[PDB]
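What follows is a single structure, written as structure tokens, with notes after it.
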Amino acid sequence: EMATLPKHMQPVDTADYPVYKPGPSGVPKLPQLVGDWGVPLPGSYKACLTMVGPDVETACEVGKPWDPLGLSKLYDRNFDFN
Amino acid sequence: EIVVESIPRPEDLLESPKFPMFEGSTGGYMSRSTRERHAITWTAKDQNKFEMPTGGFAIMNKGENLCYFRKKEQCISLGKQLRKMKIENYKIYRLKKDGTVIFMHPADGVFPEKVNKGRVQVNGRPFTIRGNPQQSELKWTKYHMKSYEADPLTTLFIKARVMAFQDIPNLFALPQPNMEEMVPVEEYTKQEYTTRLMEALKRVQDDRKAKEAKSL
Amino acid sequence: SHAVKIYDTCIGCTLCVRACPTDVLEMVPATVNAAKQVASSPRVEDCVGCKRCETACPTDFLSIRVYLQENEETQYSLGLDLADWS
Amino acid sequence: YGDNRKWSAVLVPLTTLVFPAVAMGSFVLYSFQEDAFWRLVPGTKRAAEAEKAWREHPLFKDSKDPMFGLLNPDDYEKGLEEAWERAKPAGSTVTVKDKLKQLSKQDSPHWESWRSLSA
Amino acid sequence: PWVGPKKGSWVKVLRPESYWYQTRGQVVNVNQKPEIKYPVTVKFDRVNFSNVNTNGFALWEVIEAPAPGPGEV
Amino acid sequence: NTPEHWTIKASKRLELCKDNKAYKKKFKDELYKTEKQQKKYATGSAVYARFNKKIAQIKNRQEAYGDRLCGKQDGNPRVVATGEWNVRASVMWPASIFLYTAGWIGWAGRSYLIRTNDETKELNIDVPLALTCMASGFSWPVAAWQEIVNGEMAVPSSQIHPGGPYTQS
Amino acid sequence: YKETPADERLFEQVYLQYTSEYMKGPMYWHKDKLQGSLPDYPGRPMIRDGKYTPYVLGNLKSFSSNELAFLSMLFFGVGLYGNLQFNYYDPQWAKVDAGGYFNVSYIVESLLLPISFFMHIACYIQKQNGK
Amino acid sequence: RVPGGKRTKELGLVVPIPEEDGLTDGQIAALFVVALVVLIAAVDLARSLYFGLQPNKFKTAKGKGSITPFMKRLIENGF
Ligand code: CLA
Ligand code: CLA
Ligand SMILES: CC1=C(C#C/C(C)=C/C=C/C(C)=C/C=C/C=C(C)/C=C/C=C(C)/C=C/[C@@]23O[C@]2(C)C[C@@H](O)CC3(C)C)C(C)(C)C[C@H](O)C1
Ligand SMILES: CC1=C(C#C/C(C)=C/C=C/C(C)=C/C=C/C=C(C)/C=C/C=C(C)/C=C/[C@@]23O[C@]2(C)C[C@@H](O)CC3(C)C)C(C)(C)C[C@H](O)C1
Ligand SMILES: CC1=C(C#C/C(C)=C/C=C/C(C)=C/C=C/C=C(C)/C=C/C=C(C)/C=C/[C@@]23O[C@]2(C)C[C@@H](O)CC3(C)C)C(C)(C)C[C@H](O)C1
Ligand SMILES: CC1=C(/C=C/C(C)=C/C=C/C(C)=C\C=C\C=C(C)\C=C\C=C(C)\C=C\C2=C(C)CCCC2(C)C)C(C)(C)CCC1
Ligand code: SF4
Ligand code: SF4
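Residue numbers (the deposited numbering), protein chains in the order written: chain F, 62 to 143; chain d, 77 to 263, 267 to 295; chain c, 76 to 161; chain i, 61 to 179; chain e, 49 to 121; chain f, 111 to 279; chain r, 22 to 152; chain m, 64 to 142.
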């Protein structure tokens with residue numbers, strides 16, 4: 062059985078506070094003008110699967126987009142890159 | 077309970093039965109230029125050949141032996157060698173210029189490596205090594221350039237200050253003083272002045288709120 | 076003189092005390108760790124700054140730290156032999 | 061041309077032999093003063109007197125306190141007691157004042173021991 | 049009950065000054081005494097500069113993590 | 111002033127080596143030095159035959175390099191680094207082949223390290239696996255792009271030591 | 022009762038949180054809390070809720086988004102016209118070398134292009150703020 | 064001169080020397096008087112730098128101190 066770790070004893074993981082997100086202090090980052098750059102989330106490949114466009118020309122179907130170089134997954138990868 | 081030995085000054089004790097048989101060298105203390113000494117006194121069951129920290133070798137008398145050196149380092153190295161030989165009764169003393177004898181190494185009669193009651197931690201810090209405050213945070217204070225000597229309360233206070241000062245959007249900017257209202261020190268109650276200051280601060284906050292809400 | 080500080084990460088293995096060349100350190104009772112003892116530095120005036128305690132410290136980062144202070148050098152911390160400042 | 065070398069005959073020696081020698085002798089004499097380099101050598105009466113003068117001045121009398129800045133220490137303490145009362149573990153005998161005193165106090169008798177020389 | 053992580057489980061070290069900061073080790077043991085500031089014991093396959101393999105961490109300096117994969121520290 | 115001038119061929123500081131007086135003079139001097147050195151030894155000597163071979167090598171080198179561009183002043187063949195593939199002494203072909211080979215070496219190695227994951231295997235090489243990885247590293251471009259895309263190449267920075275602590279903990 | 026390391030850490034956490042709130046408050050005075058230091062100048066909060074305030078525009082905070090947009094567009098047009106006319110379509114270098122004076126219109130006009138740029142960022146800021 | 068430079072020897076570059084020194088004894092004396100004033104001021108400045116600020120002055124020194132109105136305005140403006 063696990064003894065419930067108190068809040069003060071609970072570790073604060075570094076992964077829970079990425080650079081693109083405000084730290085534990087919770088202060089919002091500097092406002093961005095080109096767009097309101099909200100907290101990004103990885104959903105590029107799922108959105109690509111959902112999107113229309115692929116139809117038998119490359120032997121593919123909706124939910125199976127044509128992306129041999131996987132340029133759609135680079136957005137998800139930038140979470141691991143920087 | 078510990079008794080400090082007489083340990084006469086080396087200049088007075090020219091020849092003693094206690095001194096072990098040693099060769100002699102130029103590595104001994106300079107008698108002309110130094111006066112502070114360190115005496116190491118031990119008791120040996122047998123005559124074991126040992127190396128003097130100052131040059132050559134020596135033979136310790138069966139019984140009481142006494143040696144003189146210049147530095148606690150030399151005395152402690154000889155004591156470590158004796159401990160290797162299983163002589164645990166050795167004691168070290170510092171002899172001042174005037175003959176005062178200060179019992180030094182087994183400070184309380186128990187070797188430092190062995191835990192002893194009545195010992196309290198000195199120069200101990202209640203946090204990890206990286207728990208020390210930032211050197212730049214305590215500047216022009218008591219610990220101007222020694223962040224490793226700040227008290228735990230000061231460390232905690234400085235940490236809380238650095239956490240507090242991240243929230244830029246809501247930080248009370250200190251009001252600019254009105255230099256016109258300056259009077260001589262000679263020209267009330269402390270609590271009353273604190274209360275008046277608090278009324279002034281609330282007035283300043285209200286004025287700030289009105290000014291910012293004018294255009295927003 | 077140098078500044079020898081001890082932090083609670085100490086586990087009381089006594090290696091620093093045993094490595095001390097001028098007997099600056101001593102183990103003292105404590106409840107912070109399982110060994111029920113923590114090294115102390117009462118005789119910091121004799122510390123020469125050799126950092127042999129630091130060499131012998133096992134912990135991931137040292138539970139004993141020697142901060143060198145060249146401005147406050149004393150004869151004991153300099154190991155002066157031929158000259159005497161006392 | 062070159063008739064101004066009479067100036068050089070007096071200045072070059074007086075500037076590169078006499079003045080440097082006087083400066084070196086004066087520096088050696090100054091090295092043995094009570095306050096040789098009081099702003100970089102610890103434990104000097106002049107440095108201690110300067111620090112005491114700064115403390116005497118009203119503005120800087122307590123500017124060396126790391127905790128300086130609390131306008132209302134009593135109110136700060138009262139809030140801290142309220143917080144500790146709310147967050148207190150069951151059957152806790154630790155009080156805020158006692159804890160603050162314990163944390164403020166420490167055992168570092170070898171910090172700036174050279175202050176004795178000055179005083 | 050077990051206050052810390054299970055014995056043998058992999059924990060990611062969150063002590064910034066640790067040689068194994070943000071990397072994972074195996075929980076050798078956890079001291080159940082409430083008076084131990086650094087009860088958890090974690091061993092790592094990578095020896096630090098002092099050639100030390102294990103260390104002691106507090107309950108807030110270690111979090112549970114999966115075992116390292118191929119090519120992961 | 112024209113798109114045609116973009117090519118390194120149409121430059122005023124370079125000329126074809128076969129038409130370069132400095133290039134011709136340099137080679138003529140090299141040939142003269144080699145012949146003078148040869149004349150010292152006897153006609154039927156092995157060293158004489160070797161010098162004949164060296165003279166032939168110099169003449170073939172001159173013929174081969176005549177096509178390359180070289181500066182007017184010094185007349186030494188130049189290496190084109192603009193990116194023009196269809197040009198003599200282009201850097202792109204050696205660049206491409208070296209990049210392929212270097213990526214092959216790196217991939218092989220990284221693959222051995224991932225497969226072994228052990229200091230003992232690092233010290234005592236598992237020669238079968240090492241050879242297997244060396245052979246497998248030929249598809250490194252496609253394999254590396256696929257791993258980069260799918261996230262099997264780089265790990266998040268939170269999984270590795272960032273460095274020393276720059277602040278209070 | 023024994024004060025365990027967990028209890029000490031709990032006390033440290035509560036002290037940190039409460040006293041950090043206190044330091045943020047007006048009851049604590051530090052050199053870093055002066056005007057020109059960390060805190061915003063009184064009555065001119067530049068960033069609120071992670072969004073630029075009208076005060077970032079200084080004296081233009083009272084201009085509406087519509088008129089800011091019109092001014093930015095007009096300045097961009099006039100400045101681009103002046104720059105192109107001065108540089109390519111009506112060069113003045115030959116005239117000046119001959120000895121004539123520049124076309125004063127082009128020099129004053131050309132300054133409006135960067136002014137137009139900053140006026141657009143101000144128009145966006147004002148519009149984004151609901152003005 | 065006995066030139067040692069290749070270019071000097073080749074081009075015949077010369078170091079022309081005037082017949083009379085540029086400055087006279089009186090001019091050098093005036094410059095030395097100015098230099099002496101500089102030296103006295105510099106010794107005073109070195110003493111001031113060595114001794115630093117003296118916050119005790121408010122205890123014994125004459126006057127009650129003064130802040131210029133512009134300095135007061137700067138203080139009110141802030142940083
Ligand atoms: C910083 C500028 C400077 C320098 C580098 C020199 C250098 C020289 N001067 Mg001097 N000189 C200077 C300014 C300077 N001069 C000025 C302003 C005057 C006008 C009063 C003269 C007048 C003068 C004469 C008449 C003669 C020289 C000569 C010389 C030579 C030997 C030194 C001497 O006799 O000084 C004597 C000069 C002075 C004592 C006047 C004060 C010089 C300067 C201002 C001192 C600056 C000190 C420096 C900032 C800090 C020193 C720190 C120290 C503790 C290490 C040497 C080439 C001799 C020469 O030509 O020999 C061939 C010579 O006969 N100088
Ligand atoms: C597995 C092999 C391997 C791999 C994949 C990499 C990869 C990298 N190294 Mg290199 N590196 C290696 C071995 C390897 N290194 C070794 C053995 C050393 C010690 C000399 C270094 C020392 C080194 C330094 C000092 C630096 C890099 C850097 C880099 C990066 C850019 C490329 C570069 O600078 O190349 C240049 C490579 C070298 C200077 C040394 C290469 C040595 C040989 C040729 C490779 C070893 C191959 C290995 C024996 C294969 C065996 C496999 C077989 C058993 C199956 C990149 C992440 C740079 C970086 O950080 O970029 C971001 C950088 O600064 N490396
Ligand atoms: C100015 C002017 C003119 C004009 C004009 C204008 C504005 C013209 C604009 C033209 C425009 C906008 C032309 C875009 C082309 C895009 C292409 C070819 C993209 C191909 C992209 C491809 C083939 C990508 C493929 C892949 O990425 C996929 C899909 C998935 C990946 O997994 C794999 C790869 C990487 C292989 C005229 C009309 C000329 C007349 C007169 O002169 C005046
Ligand atoms: C109101 C509203 C909307 C809107 C809108 C609309 C209709 C906006 C319209 C904007 C419009 C109509 C903007 C024109 C700009 C023209 C410029 C800058 C011209 C420069 C011209 C230049 C610099 C030309 C220079 C010269 O060429 C000249 C003149 C003669 C030549 O001899 C010489 C040169 C080359 C030097 C939406 C979008 C419907 C929804 C939104 O929610 C609310
Ligand atoms: C004291 C007293 C009183 C008095 C008095 C009286 C009458 C006093 C009179 C004093 C008098 C008559 C004092 C002249 C000085 C002349 C000087 C210093 C000239 C220097 C000139 C110099 C230094 C010039 C130098 C050079 O520039 C020269 C010229 C040439 C240049 O190449 C450069 C040099 C540097 C070389 C009262 C009022 C009666 C009563 C009171 O109760 C007490
Ligand atoms: C064309 C040309 C040119 C130019 C060039 C350039 C400009 C380039 C660029 C480049 C760049 C700008 C690049 C970038 C990059 C980035 C990144 C980011 C990368 C990364 C990488 C990685 C990650 C890798 C990995 C790997 C592999 C793949 C293999 C081996 C192993 C390893 C692992 C290393 C010149 C004139 C020179 C010459 C001529 C031609
Ligand atoms: S200082 Fe290091 S060696 Fe000494 S008791 Fe503590 S952990 Fe052990
Ligand atoms: S530095 Fe050397 S003398 Fe000083 S405490 Fe450490 S081991 Fe002892």
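Note that beta-carbon positions come from the ideal geometry of N, C-alpha and C, so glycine has one too.
Residue i at chain f interface by Cβ criterion, 8 Å
i	result
e:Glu65	yes
Listed by chain order, chain c residues near residue i by CB distance under 7 Å
i	result
d:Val196	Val103
CB contact flag (residue i, residue j, <8 Å)
i	j	result
c:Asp121	d:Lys148	yes
c:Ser152	c:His77	yes
d:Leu247	d:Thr230	no
e:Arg72	e:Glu109	no
r:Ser131	r:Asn104	yes
is_contact[residue i, chain e] using C-beta, thresh 8 Å
i	result
f:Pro272	yes
c:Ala110	no
c:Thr106	yes
Contacts of residue i in chain e (Cβ-Cβ under 7 Å)
i	result
f:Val265	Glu120
Closer than 8 Å at the beta carbon, the chain r residues around residue i
i	result
m:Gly141	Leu55, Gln56 and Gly57
e:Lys85	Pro26
Neighbour list for residue i in chain d, Cβ cutoff strictly below 7 Å
i	result
i:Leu163	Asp227, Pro228, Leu229 and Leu232
8 Å Cβ cutoff, residue i in contact with chain d
i	result
i:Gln93	no
f:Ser279	yes
m:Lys122	no
Where residue i falls, given that 16 or more other Cβ within 10 Å makes a residue buried
i	result
f:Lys146	exposed
e:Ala106	buried
i:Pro80	exposed
i:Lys165	exposed
i:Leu140	buried
r:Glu33	buried
Residue interval of the alpha helix (DSSP H) (run including residue i)
i	result
residue 180 of chain i	Chain i is shown only over 61 to 179; residue 180 of chain i falls outside these bounds and no answer can be derived.
Residue i: contacting residues in chain r (beta-carbon distance under 7 Å)
i	result
F:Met70	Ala27 and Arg30
Partner residues on chain e for residue i, Cβ-Cβ distance less than 8 Å
i	result
F:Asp74	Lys60, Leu62 and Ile111
f:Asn227	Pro118 and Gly119
Test: residue i CB closer than 8 Å to a CB of chain r
i	result
F:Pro101	no
e:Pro82	yes
Within chain i, partners of residue i - CB distance below 8 Å
i	result
m:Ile80	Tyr61
Contact list for residue i against chain F, beta-carbon separation under 7 Å
i	result
residue 266 of chain d	The gap in chain d between 263 and 267 takes in residue 266 of chain d, so it carries no coordinates here.
Residue i: contacting residues in chain r (beta-carbon distance under 9 Å)
i	result
i:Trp144	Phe32, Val35, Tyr36 and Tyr39
d:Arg287	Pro63 and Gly64
Per-residue contacts from residue i into chain c (C-beta, under 8 Å)
i	result
i:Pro102	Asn146 and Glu147
Cross-chain neighbours of residue i in chain i, by beta carbon under 7 Å
i	result
r:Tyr73	Going along chain i, no residue has its Cβ under 7 Å from r:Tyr73, so there is no contact; the nearest lies around 31 Å.
CB contact check: residue i to chain F, cutoff 8 Å
i	result
f:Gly261	yes
r:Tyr145	yes
Under 8 Å from the C-beta of residue i: neighbouring residues of chain F
i	result
r:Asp61	Under the 8 Å cutoff, chain F gives no residues; its nearest Cβ is about 13 Å from r:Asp61.
Range covered by the beta strand (DSSP E) that runs through residue i
i	result
c:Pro104	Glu101 to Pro104
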